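Numbers for residues simply follow the sequence, beginning at 1. All ligand and atom numbering here is 1-based and tracks the order in the structure.
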Amino acid sequence: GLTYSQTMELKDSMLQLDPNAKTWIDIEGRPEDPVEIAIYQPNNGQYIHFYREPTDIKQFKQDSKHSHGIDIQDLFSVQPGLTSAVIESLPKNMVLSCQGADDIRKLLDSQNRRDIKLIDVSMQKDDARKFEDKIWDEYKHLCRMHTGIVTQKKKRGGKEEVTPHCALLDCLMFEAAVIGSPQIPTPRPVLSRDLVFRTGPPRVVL
Ligand SMILES: [Ca+2]
Ligand SMILES: [Zn+2]
């Protein structure tokens with residue numbers, strides 16, 4: 001799990017969030033086995049974003065192919081235990097905005113955070129992604145984990161290749177849809193990379 005200095009840094013980093021500010025939350029993966037979480041405050045730009053290795057490899061392969069496009073191999077070096085640690089430290093009675101609340105509600109309740117309230121902004125699914133292309137054009141550098149091809153079924157038949165779903169860029173584009181343009185304030189990560197990923201192997205000497 002997390003060490004001591006680590007945990008204290010995580011808690012300090014999160015205090016950078018304004019407990020009364022508008023805050024989006026989005027996850028990828030099922031709520032019992034999430035693989036990517038983002039918590040984003042558009043007014044000040046601050047976001048908490050991290051990953052988790054799945055326990056169910058089979059369901060993970062389907063989500064990779066039909067939702068997030070993450071390669072399981074790229075999750076082998078994430079820091080364990082962040083999901084429970086972050087959820088435990090969220091401010092009391094915080095009000096979070098989301099696009100579809102049912103799975104997030106289950107995740108939060110599973111961690112005994114029934115005090116956190118959810119506002120389902122309830123945009124139609126295409127409207128919610130109006131600014132998808134613009135947000136990837138501008139912010140792709142903020143998450144490079146979505147490497148695989150993603151296809152989804154259309155209701156009225158057939159399938160199509162779509163842009164992969166990223167918890168972070170989904171928050172950014174949902175804010176863009178609400179404000180009617182991609183001109184959100186500059187987003188900035190609150191977590192250091194060393195809290196998100198295990199220390200990598202030593203660099204190759206080139
Ligand atoms: Ca999403
Ligand atoms: Zn992502």
Among the N/O/S atoms of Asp170, which is closest to the Ca ion (ligand 1)? Give the atom name. OD2
Row for the Zn ion (ligand 2): angle SG (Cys143) to SG (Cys166), 10° precision, value 120°
Would you call the rings of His146 and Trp136 parallel, tilted or perpendicular, where under 30° means parallel and over 60° means perpendicular? perpendicular
Evaluation steps, side chain to side chain donor-acceptor pair (under 3.5 Å), between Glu160 and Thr151: CA-CA 5 Å; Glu160 56 184 356; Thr151 72; over 6 Å; no
Is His68 close enough to the Zn ion (ligand 2) to have an N, O or S atom under 2.8 Å? no
Of all N, O or S atoms in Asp26, identify the one at the shortest distance from the Ca ion (ligand 1). OD2
Indicate whether the side chain of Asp126 and that of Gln124 have a donor and an acceptor atom separated by less than 3.5 Å. yes
Looking at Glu28, pick out the N, O or S atom nearest to the Ca ion (ligand 1) and give its name. OE2
Is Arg52 paired with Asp33 through a side-chain N to carboxylate O contact shorter than 4.0 Å? yes
Inspect the contact between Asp56 and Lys58 and indicate whether a charged nitrogen and a carboxylate oxygen are less than 4.0 angstrom apart. no
Is the distance from the Zn ion (ligand 2) to the nearest N/O/S atom of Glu36 under 2.8 Å? yes
